[PDB]
Amino acid sequence: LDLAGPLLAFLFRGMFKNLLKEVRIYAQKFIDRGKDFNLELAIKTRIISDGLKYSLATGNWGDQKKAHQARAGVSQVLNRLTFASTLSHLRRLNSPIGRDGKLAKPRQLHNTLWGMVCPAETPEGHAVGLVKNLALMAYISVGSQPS
Amino acid sequence: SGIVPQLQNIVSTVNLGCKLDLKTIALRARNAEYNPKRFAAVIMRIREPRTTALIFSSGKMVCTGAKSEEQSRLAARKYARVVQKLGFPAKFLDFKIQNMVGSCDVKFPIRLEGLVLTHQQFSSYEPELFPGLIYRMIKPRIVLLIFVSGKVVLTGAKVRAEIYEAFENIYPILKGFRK
Amino acid sequence: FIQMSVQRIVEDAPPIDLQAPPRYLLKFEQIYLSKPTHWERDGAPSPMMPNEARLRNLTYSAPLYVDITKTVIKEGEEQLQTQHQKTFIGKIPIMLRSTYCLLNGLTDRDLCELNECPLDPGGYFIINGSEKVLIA
Amino acid sequence: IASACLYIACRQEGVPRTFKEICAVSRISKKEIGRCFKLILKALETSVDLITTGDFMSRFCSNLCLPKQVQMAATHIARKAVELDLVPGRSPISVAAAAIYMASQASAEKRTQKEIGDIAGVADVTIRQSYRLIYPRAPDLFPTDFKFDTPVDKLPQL
Amino acid sequence: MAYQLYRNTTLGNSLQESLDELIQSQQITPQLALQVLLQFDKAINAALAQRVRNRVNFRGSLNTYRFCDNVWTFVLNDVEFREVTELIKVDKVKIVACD
Amino acid sequence: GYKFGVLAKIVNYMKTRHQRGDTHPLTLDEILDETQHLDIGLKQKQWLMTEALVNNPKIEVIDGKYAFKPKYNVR
Amino acid sequence: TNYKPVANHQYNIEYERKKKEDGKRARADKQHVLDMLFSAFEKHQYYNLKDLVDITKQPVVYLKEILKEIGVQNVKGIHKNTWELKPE
Amino acid sequence: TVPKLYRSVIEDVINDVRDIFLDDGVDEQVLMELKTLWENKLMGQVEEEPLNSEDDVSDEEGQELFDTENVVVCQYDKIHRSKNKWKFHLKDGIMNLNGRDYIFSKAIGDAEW
């Protein structure tokens, strides 16, 4: 399960690579010109600010120009209709279909969801079995170094 | 008004009507300095009129530093004669005063903030770029530097009458903004 | 992500090597985050409360700074190493009620003073005033 | 052109940034921004209201981590000094920095001359000159309802 | 084919005179004399930049100046040379500089 | 430098000489003196004499000497 | 402490100072320029206009006029059309 | 002090020309004779075209013709003038004052024109 952290870390490296690429391009122009470059001016601050903001604002992941392959629906407006709907939305699990989902049907309630995903909560309609919810005592590991 | 601007600098251009070798002039001229890397003209200076003249290979010369029209022409003639003495067929053709600079004091402080507000269309007051106030006179094409200390500098005039006319126009305006 | 992944991402980025022949290097070492801040029209920074972000349609973002060390070699057996401490590089949206949120460790009474519901669980972002939840 | 336009836009919105502040964010020098600044006004036939000392007090004081009372006193001192004509011809930014220094020195949060110069973009020598002009009238410039951590009579002299 | 500054000096004049004397005796070809002068100019130029580490000061009045081929020809009148150890007075002096 | 930086000045100097109006031919040695190429290589003297000063369309061989070719040029 | 107000960036004034000290290239006499061009021709058959400017250290317009007077440019199908120092 | 510098210069000069003398094929005995002789010698004008209306607008032109006065040879690192005064920033150089030879490394000079 890719939670907010790992999802955000996926964006940051793409946006940080653009930042490092941008300073390389900016510095190369001045170095070739023969004059030293100002580091503060070389950094484009809008790359990280707007990149992270844009993905969270729209739910598209990857750069804006790369919306063709950008995953959609990761970021959604929090449901504030009731407190239960707020709690459920913050524990919602998504199962993208993509190519992998085609090979085996993930709508069915698998045996292994016991204690991890609620067996009853799932939207009715096209999204049956694809959108899931954590069980109350279900925990998703945040990761640690195996050193 | 009782105050007459004093011409501080006179810039005039004359044509000697003959192509000149800048290298030769520098080697022979007493006070000439030539540096093609820095500037493409030859800078020569004289003491009695206290003026500096730039000499170009095309034969045109610009004289600056003269405090009066008579001095500028006399200084320009002296430079033209000096070049002639160096073996060139220098002449004195179409001598013209290109710019005149005058300075004067109104003998009272001036509120630049009020002046620019009332004359925003002509006044550009930017203390960050320059402490003085840049007033661009219209009827005479004269640019005036008005300062809080009261000193007024007039520039861009082609004839002495323009300097006096410009100061006459601006003096009542400055009087109204006395501090 | 904020405490470890962002720093690891910056640390793992290769140093920028540029050749003219003077040579230039840029190394990013330390990452700093300030509390979510909003800059007024006059440019005065001030802490941004989540309710103000919701009301004024702001993004609950924290400034991000990185320590950058620059070394320049001009083939003259001299090396100049200049470090720009806390170089602003962007703003990270902050998940509410997280360690880097202003509503961190505040007691329930403190939250009410800020017009925040103590029963509110947090775990979302305010992006242009909209509360955005990241679906796993 | 863009840097000069950014400077004009800040002036037109009532939140001026000094030419140095705009230069610090642009590769263009302050000299060239001023050159394009004047040309743009002629081309557009527009004008910008003259900046005042209080146009920078909020940004400067906030950037200096000074309390609100110090900012209020700094604003009052700078406006009063201009009203009294204690600093004729001085740039508003220089007066604002000097006014901030006087108010800062009179409170618990004290900022050195170098600190104010860096945020204000004004050399400590320039701050020293403006501060020396207003120091004699320090009790008059300070707001009447101001609490002095350091008494006005004991303000730094220099 | 060099800077050729110190040729017009007492040291330079003596070397030139000596070369002429040898030439009159057919002992050295004119090309050799030119090579010797070029080597001499290089040697003196290096010697001055290396073995001269003394500071002096002077004041005076300027009468004439010139600048051509990156060569100054200042002509000063009533120049007073001030040094930590000695002071000198000269009515007129010509300064030739290059860079 | 060698074999290339000496022959050019002979042609360039010769062109300037004609502009003064001196139609009189000039010898190989005579031109070398005014071109500061008296130390030219021995095999360059013959190469210029045999190839450069005859193949060029601006060199006229007159009474064993060399003169400019203003007749071919329109004057 | 970021983007602190500054009258001019340090890199800019240093570059400006260097350009002022070096100064603009002057127009040398044609004979001297021609001699340098011919002398350098021995080193390599062909030269680029930009590279040739550095060697001769002359104005581009002035250098081009001198080069045009004698030299010509040949179209090469490998990189681009470049100047050839041989007049013929 | 000055003579010692001259002798050191001679040592550098002879060493510098040794390779040249070997290269050109001239006997080394020439150098020995060269030093000997070197040491001995040392020890309403409406119409304005005419410019003749003014006469004697120049001073004596033989100032540089003689050059018999003291001459200073130096190298300049910076020379600037501000409307009245010429400031000279001259580095290592040599001077010939009243026959005596003076050598300096760094010098500063202010003059009025």
Long-range amide H partners of A:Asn94, meaning residues 5 or more apart or on another chain whose placed amide H is closer than 5 Å, are A:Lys132, C:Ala136
Out of the trypsin sites (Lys or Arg not before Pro) in region D:101-158, which ones are loop residues according to DSSP with at most 12 other C-beta atoms within 10 Å?
D:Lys147
Quick one: order A:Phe10, H:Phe66 by neighbouring beta-carbon count within 10 Å, fewest to most.
H:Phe66, A:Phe10
Could you work out the percent of alpha carbon pairs in chain B separated by over 20 Å, rounded to a whole number?
58 percent
At 7 Å along the Cα-to-beta-carbon direction for both D:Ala9 and C:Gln30, put a label point, then send me their distance in nm to one decimal.
3.5 nm
Among D:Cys10, E:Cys98, D:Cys23, which comes first, then next, by fewest other beta-carbon atoms within 10 Å?
E:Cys98, D:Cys10, D:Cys23
Result: in chain F the number of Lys pairs with C-alpha under 23 Å apart, spaced 8 or more or on different chains, is 23
Per 10 angstrom bin, beginning at 0 and ending with the bin that holds the maximum distance, the Cα pairs of chain C fall in percents of 11, 32, 26, 17, 10, 4, 1
Note to self, chain E gives a 222 nm [θ] from helices alone (DSSP H runs n ≥ 4, -39500 (n - 2.57) apiece, / all residues, nearest 500) of -12500 deg cm²/dmol
Sorted from largest down, what three extents in whole angstroms do the Cα atoms of chain H have along their principal axes?
77, 33, 28
In whole Å, how far is the Cα centre of region D:56-126 from that of region B:95-109?
37 Å
Using modelled backbone amide H atoms (1.01 Å from N, in-plane), which distant-in-sequence or interchain residues come within less than 5 Å of B:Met137's amide H?
B:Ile142, B:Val143, B:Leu144
In percent, how large is the relative contact order of chain A, given Cα pairs closer than 8 Å and 6 or more residues apart?
15 percent
Mind checking Rg over Rh on region C:86-136, alpha carbons, Kirkwood formula for Rh?
1.03
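More than 21 Å apart: what percent of Cα pairs in chain G qualify?
46 percent
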Rounded to the nearest 20 debye, what is the charge dipole size of chain E about its Cα centre when +1 sits on each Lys and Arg Cβ and -1 on each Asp and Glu Cβ?
360 debye
Using the alpha-carbon centroid of each, what span in Å lies between region C:7-35 and region A:99-127?
44 Å
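Quick one: order H:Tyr102, G:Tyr62, C:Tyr124, F:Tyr2 by neighbouring beta-carbon count within 10 Å, fewest to most.
With the sparsest Cβ surroundings first, the list reads F:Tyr2, G:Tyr62, H:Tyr102, C:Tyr124.
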Radius of gyration, Dmax [the protein assembly as shown; alpha carbons; angstrom]
39.8, 123
Mind listing the phi-derived Karplus ³J(HN,Hα) values for region C:43-56, rounded to whole Hz, using 6.51, -1.76 and 1.60 with θ = phi - 60°, and x for any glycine or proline?
x, 7, x, 7, x, 9, 7, x, 5, 4, 4, 5, 6, 8
A correct Karplus calculation of ³J(HN,Hα) over region D:86-96, with 6.51 cos²θ - 1.76 cosθ + 1.60, θ = phi - 60°, whole Hz and x for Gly and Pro, returns 6, 10, x, x, 5, 5, x, 5, 4, 5, 4
Amide H neighbours of C:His38 under 5 Å, counting only residues 5+ apart in sequence or on other chains, H built in-plane at 1.01 Å?
C:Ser46, C:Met48
What distance in nm separates the simple spin-label points at C:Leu111 and B:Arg47, each placed 7 Å from Cα in the Cβ direction?
9.0 nm
Give me the percent of DSSP beta bridges within the protein assembly as shown that run antiparallel, rounded to the nearest 5.
90 percent
Test of the criteria: in region H:1-35, which GluC sites (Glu not before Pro) are in a DSSP loop and have at most 11 other Cβ atoms within 10 angstrom of their Cβ?
H:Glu28
In deg cm²/dmol and to the nearest 500, what is the mean residue ellipticity at 222 nm of chain G if only DSSP H runs of at least 4 residues count, each as -39500 (n - 2.57), divided by the residue total?
-15000 deg cm²/dmol
Quick check for you: which residues of region D:58-87 have the amide N under 11 Å from the point 7 Å beyond the Cα of B:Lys179 toward its beta carbon?
D:82-87
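Beyond 18 Å, how much of the Cα-Cα pair distribution for region A:2-139 remains, as a whole percent?
Numbers: 6363 of 9453 pairs.
Across region A:2-139, Cα pairs with separations above 18 Å total 67 percent.
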Computed over chain G, the relative contact order (Cα-Cα under 8 Å, seq sep at least six) in percent reads 27 percent
Taking a ≥ b ≥ c as the square roots of the eigenvalues of the Cα gyration tensor of region E:54-99, is the shape rounded (a/c under 1.5), prolate (a/b larger than b/c) or oblate?
oblate
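Quick one: grab the alpha carbon gyration tensor of region E:1-53, order the square roots of its eigenvalues as a ≥ b ≥ c, and give me rounded if a/c is under 1.5, else prolate or oblate depending on whether a/b is larger than b/c.
Working: a/c = 2.74, a/b = 2.05, b/c = 1.33.
It comes out prolate by the Cα gyration axes.
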Taking the alpha-carbon centroid of each part, what is the distance from region B:24-77 to region C:79-133 in angstrom?
70 Å
As a test of the formula, what do you get for chain A when each DSSP H run with n ≥ 4 contributes -39,500 (n - 2.57) and the sum is divided by the residue count, at 222 nm and rounded to the nearest 500 deg cm²/dmol?
-13000 deg cm²/dmol
Simple SL model, points at 7 angstrom along Cα→Cβ for G:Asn2 and A:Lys105; separation in nm is 5.3 nm
In region E:50-86, trypsin sites (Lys or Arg not before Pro) in a DSSP loop with at most 10 other beta-carbon atoms within 10 Å
E:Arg53
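Backbone-built Cβ (ideal geometry, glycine too); neighbour counts: all protein chains shown. The numbers here are math on the coordinates, done by the rules we state, and not lab data.
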